[PDB]
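Given next, in structure tokens, is a single chain: the form deposited in one PDB entry.
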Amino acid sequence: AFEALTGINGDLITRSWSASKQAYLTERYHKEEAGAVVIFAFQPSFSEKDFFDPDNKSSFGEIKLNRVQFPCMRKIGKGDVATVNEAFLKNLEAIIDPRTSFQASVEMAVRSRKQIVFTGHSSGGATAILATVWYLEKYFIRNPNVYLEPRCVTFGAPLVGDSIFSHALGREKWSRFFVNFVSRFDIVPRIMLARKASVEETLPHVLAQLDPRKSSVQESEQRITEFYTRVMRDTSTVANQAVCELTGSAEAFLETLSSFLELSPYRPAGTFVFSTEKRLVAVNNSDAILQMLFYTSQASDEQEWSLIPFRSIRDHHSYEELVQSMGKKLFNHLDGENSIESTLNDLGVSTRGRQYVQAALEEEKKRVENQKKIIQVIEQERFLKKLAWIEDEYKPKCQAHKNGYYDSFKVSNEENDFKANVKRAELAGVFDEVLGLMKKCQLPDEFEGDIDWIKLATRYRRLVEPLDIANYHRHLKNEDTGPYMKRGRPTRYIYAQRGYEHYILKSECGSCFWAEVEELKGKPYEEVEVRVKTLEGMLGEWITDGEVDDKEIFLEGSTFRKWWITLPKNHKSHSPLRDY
């Protein structure tokens, strides 16, 4: 049951636990070899320099990833790069440097076709998450195979990434590799949900209290109590604000308040396996995980308000007993069992917390329902025949007239042009409807990921975007709001182009040829030399890609050809496409 969902058996769990414990003594990582498995454990650093970087100025020690080193970790359409904790990131690129011999080890490990596992205790777990991301970005995305499928197993790790991080993980379908054990009271999962200033006072004492090696430090009542208190207050505010942002309701009142609040961006990423004295409870829903992080740790009654904080610290060192007593516990996947009220009380969840978790699950179900409805709409016969009528009827008949569809639309002397315009309007309407839902994200993370949503969008773009270019330059909208590329181009086409580019790569646009040739014509050659040259250089690449078709573009009546005639004798003589 457990292994079916998570993809790892108890043997690998125990071996990663032992390797993580071994990694304390080494420097920054320990390499263990068990037959076909190669486990890279990472050394936890319980110093407060290793949770909030000193040179970082933000209130959570977070930084945007470099888009070159972690390209796949971003929103493909919008273009926003993800946010990671800079302490752990600096740790990762410190270990990565060629002098450390980590990279040669992992590459000889992939040459030997071994199951690579990244693991670690509390902060070693965060370093393991980041190293798993780096590995997925450098090796798994180049030549994907099941022989390269990594695994990340963490025990009481803290949150590493923001919402865009978890989204990019869910989109590339990578969030299944990660497993993060969290006992019912461990505090290190919850720490980075609090502000730096909220815990900057009592952080050194508690981090010394959390280090397993040096038990020389002695417990202080008030430091632990106060640290746990604010950690829980910041957690409660972040959780309530995630509840209020569920459906987007009452957002404006929240917006007034949001201007008065700082909230942790970090969000759970991957599968989280809560553990008790009787049960294992796996969750995969980031928002449900976030609500459980607060409501599971709440006190059963006020008399226990004394016992809860101390146990917290103690429970950060219970993973030995956890792994040893793993088989005797009862397991049940929360997201899949349709009756969770008994499980939540068993976990330690009040009534209202149970309802908030229920609401997060219901919102996930509504997201998948919205995906179902969009799939039903885009597959119907009327939409497909609207897309087809432009390829089977408009473009061929406009090729017959030796002018082309883009010109035939521009001059617009037939009923065909009116029908083309109304069809283009309705197509743009449905694509704008779906675009907003994706921008809303009321859609599952895999949507931008799916190839079918990608083929449909790129076909629609290649067919219809020249029509819009013609509509823009036909009614002199150019002379009103500027060049098309800057302010005229719709968002849907940019989303589609970026989705296609990301999918295939893992005047710059293809279907924007007409846009360029518009600004090119009518100017002296001495100033459009370089632009004309770049266009005709890429022209062949689009023709190889398919975006542009020579049939249409090279007809006698076509605007681009009649313009290219006007060019300088020397240019047309030495032009690459002279033979056309």
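All residue numbers are counted from 1 along the displayed sequence. In this text, rigid core is short for the largest set of C-alphas that superpose within 1.5 Å between two forms.
**Q** Counting only other entries that model residues on either side, is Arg354 absent from the coordinates in at least a third?
**A** Per the records, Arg354 is modelled in all the other entries.
**Q** How about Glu201: is it missing from at least a third of the other entries compared?
**A** In none of the comparable entries (those modelling both sides of it) is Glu201 left without coordinates.
**Q** Quick check on the record: how many residues from the deposited sequence are absent from the model between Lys506 and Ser507 (none, 1 to 3, 4 to 9, 10 or more)?
**A** 10 or more residues lack coordinates between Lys506 and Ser507.
Although not depicted, the form deposited in another entry is the subject of the following passage.
**Q** Using the rigid core as the fixed frame, list which single one of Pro483, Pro490, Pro204, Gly248 shifts its Cα by at least 2 angstroms between this form and the one not shown.
**A** Flagged residue: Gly248.
**Q** For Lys533, is the CA shift between this form and the one not shown at least 2 Å following rigid-core superposition?
**A** Superposed on the core, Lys533 moves its C-alpha less than 2 Å between this form and the one not shown.
**Q** Is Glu415 one of the residues whose Cα moves 2 Å or more between this form and the one not shown, with the core superposed?
**A** Comparing the forms between this form and the one not shown, which are aligned on their rigid core, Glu415 does not shift its C-alpha by 2 Å or more.
**Q** Quick check: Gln303 between this form and the one not shown - does its CA shift reach 2 Å or more after fitting the rigid core?
**A** Passes the 2 Å threshold, so yes.
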